[PDB]
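Single chain ahead, by itself, as structure tokens, in the form deposited in one PDB entry.
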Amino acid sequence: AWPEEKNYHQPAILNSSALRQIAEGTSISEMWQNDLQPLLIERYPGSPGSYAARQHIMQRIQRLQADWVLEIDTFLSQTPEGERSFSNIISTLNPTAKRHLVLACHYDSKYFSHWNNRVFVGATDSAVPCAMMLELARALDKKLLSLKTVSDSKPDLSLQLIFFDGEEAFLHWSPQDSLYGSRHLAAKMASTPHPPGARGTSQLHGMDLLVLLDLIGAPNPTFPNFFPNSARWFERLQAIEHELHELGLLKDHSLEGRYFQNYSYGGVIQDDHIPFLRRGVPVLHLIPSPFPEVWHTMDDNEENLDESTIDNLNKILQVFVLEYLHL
């Protein structure tokens, strides 16, 4: 019965004053300095930056008041370069709650040989998504702390963050050389009872919706509404964007240049959501089409990021998450 609850779940929509509070509650400059910059480093699996990125992400979550439970999902896999260790970071509020809304991105960076003394740091791909998730945890900390309180008056639902390792191919993208962390974690969750002691249901049944952020940070992104089974949630993002715009709460933003689009997409994008989608998890895939102009080039750097765009998207995402969780 409970695994169907997601199908009927409704947002608790925020009023104008709440929207203004949320818009003012997030700081793009603080995210930039404290959450984003430490990640703008080479961080392919096993590199010093991989370890540093992991420490940084964990550290930033630990300093918060909300009752986050951190779990490092570490495993080995063969790769074109030989065996490597990969570590997914999972951060969960109320780990025994039957349902979670799940926000995710990948924290590894793709390996490139150094080019004119330049290194690939994957600013949009996906350092910015990581930082947006960390800034969301910080900005909403007091609201999220309320989830620590037990009540029959609300659904058994909370929030999880996943930072996937090993999303990127080491060489040429193949089913075997990509998605190392997400293929591993989806298989693990599929085979794990949830809630503990349950018959039938797995941790995948507990995932209300996977909201996967990827390739965010370029100016004027356009996100297609990819999947019918999450289209109603996508439409909430459009509505939040529109209302925030109308309230004067977005920066350098026009209705003509809005981010969340009516149209869908005519191909199939491979990303960390694939192992989840194929097992039936609803996915809201916040990846733009087209990809950023700088995609997989040395120009995917801090210079080419757009502050206002990320700030706007932070506001929209934070409203979405609060409305989903009825906070």
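Note that residue numbering follows the sequence shown and begins at 1.
Novice: Identify the stretch, either 35 to 43 or 275 to 283, whose C-alpha atoms have the larger mean B-factor according to the entry.
Specialist: Going by the record's values, the stretch with the higher mean is 35 to 43.
Novice: Quick one: say whether 241 to 249 or 151 to 159 has the higher mean Cα B-factor in the deposited entry.
Specialist: For C-alpha atoms only, the mean B-factor is higher in 151 to 159.
Novice: In terms of CA temperature factor as recorded, identify the highest of 114, 194, 106, 236.
Specialist: Reading the PDB entry, the winner on C-alpha B-factor is 114.
Novice: Highest Cα temperature factor in the entry, among the options 254, 178, 230, 79: which one is it?
Specialist: Among 254, 178, 230, 79, the highest C-alpha B-factor in the entry belongs to 254.
Novice: Thinking about Cα B factors across the chain, which third does residue 8 belong to?
Specialist: Ranked within chain, residue 8 CA B lands in the middle tercile.
Novice: If you rank the chain by CA B-factor, which third does residue 141 end up in: lowest, middle or highest?
Specialist: Tercile = middle for this residue's CA B-factor.
Novice: Taking the values exactly as deposited, rank residue 202 by C-alpha B-factor within its chain and report the matching third: lowest, middle or highest.
Specialist: Bottom third by C-alpha B-factor.
Novice: Sorting the chain's modelled residues by C-alpha B-factor, tell me whether residue 314 ends up in the lowest, middle or highest third.
Specialist: As the PDB entry reports it, the C-alpha B-factor of residue 314 lands in the middle third of its chain.
Novice: Should residue 52 be placed in the lowest, middle or highest third of its chain by the C-alpha B factor in the entry?
Specialist: Its C-alpha B-factor, which the entry lists for residue 52, ranks in the lowest third among residues of this chain.
Another form, the form solved in complex with a small molecule, is not on view; read the next lines as being about it.
Novice: Counting only heavy atoms and a 4.5 Å cutoff, which of 244 to 252, 199 to 207, 183 to 191, 165 to 173 contacts the small molecule in the bound PDB entry?
Specialist: One stretch meets the cut-off, namely 165 to 173.
Novice: Does at least one non-hydrogen atom of residue 270 fall within 4.5 angstroms of the small molecule in the bound PDB entry?
Specialist: Heavy-atom contact with the small molecule at 4.5 Å: present for residue 270.
Novice: Answer with yes or no whether residue 215 is in contact with the small molecule in the bound PDB entry, where contact means some heavy atom within 4.5 Å.
Specialist: Because a heavy atom of residue 215 falls inside 4.5 Å of the small molecule in the bound PDB entry, the answer is yes.
Novice: Looking at the partner-bound form in the bound PDB entry, is residue 287 within 4.5 Å of the small molecule by any heavy atom?
Specialist: Yes - in the bound PDB entry, heavy atoms of residue 287 and the small molecule come within 4.5 Å of each other.
Novice: May I ask you to check whether residue 291 falls inside a 4.5 Å heavy atom distance of the small molecule in the bound PDB entry?
Specialist: It does: once the small molecule is placed as it appears in the bound PDB entry, residue 291 has a heavy atom within 4.5 Å of it.
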